[PDB]
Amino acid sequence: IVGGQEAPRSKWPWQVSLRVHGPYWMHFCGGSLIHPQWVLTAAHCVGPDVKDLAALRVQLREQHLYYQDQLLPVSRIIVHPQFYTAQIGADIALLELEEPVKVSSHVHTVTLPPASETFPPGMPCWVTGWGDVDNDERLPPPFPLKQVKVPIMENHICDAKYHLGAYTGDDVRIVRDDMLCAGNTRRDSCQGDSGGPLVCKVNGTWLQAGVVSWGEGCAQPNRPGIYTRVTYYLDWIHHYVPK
């Protein structure tokens, strides 16, 4: 997370950390708990190549990475079948846990948006995670969960920005319709935040608008953060995740 601050303990009870087995169970991506037995993340975190489930664990909301881990194994990885890269799109995946988790005030699910929410500019939205705090700059020990409030920008404006300084033709769309843009040169998500939630407070309720997907670097001029737009994927999600 570029900018923002350490999250209070009482916030974002749905944030998860994904871990891969190596010299230690290392954090490589975020996620969100959307049901007691399902985690929502980015496909590029766990694909497009098939991975060994045994080498994967999930860790539920922790204030500091690694310090009080209780790692949960995963029975299934479902990756959106149109996923190949994040720039093409469908950067979205589901992790099914081997057991349903017990929920509490500090660990519980996030609400998905109804299909028709657009998340226009000026909505209040936060992104969270344990990624880099700037380009090629890791989150320091003790690895506190960070949050940063990020401005949403309309897709056609974001797409036009991405064309600035580029050879790509103006009519060749960069930012796709299944994506959402947010952030600026002070406030952004970054590497290690992928797969985590962008959430907005609508009519009193926190809703997941996006999954951290990609960008050109982190907090660079005219290159805002790109997120998988969750509304585009609700039917796919509900094919696997009970309501």
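Just count from 1 along the sequence shown to find any residue number.
Relative to its counterpart among 144 to 152 and 117 to 125, 117 to 125 has the higher mean temperature factor, C-alpha atoms as listed in the PDB entry. Averaged over their C-alpha atoms, the temperature factors of 87 to 95 and 153 to 161 are higher for 153 to 161. For the set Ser213, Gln59, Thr185, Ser32, the PDB entry assigns the largest Cα B-factor to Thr185. The entry lists a Cα temperature factor for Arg173 that places it in the lowest third of the chain's modelled residues.
When the CA B factors of the chain's modelled residues are split into thirds, the value for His108 lands in the middle one. For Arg229, the recorded CA B-factor ranks within the lowest third of the chain. Only modelled residues enter the ranking. Ranked within its chain, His64 lands in the middle third, by CA B factor from the PDB record. For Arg19, the recorded CA temperature factor ranks within the lowest third of the chain's modelled residues.
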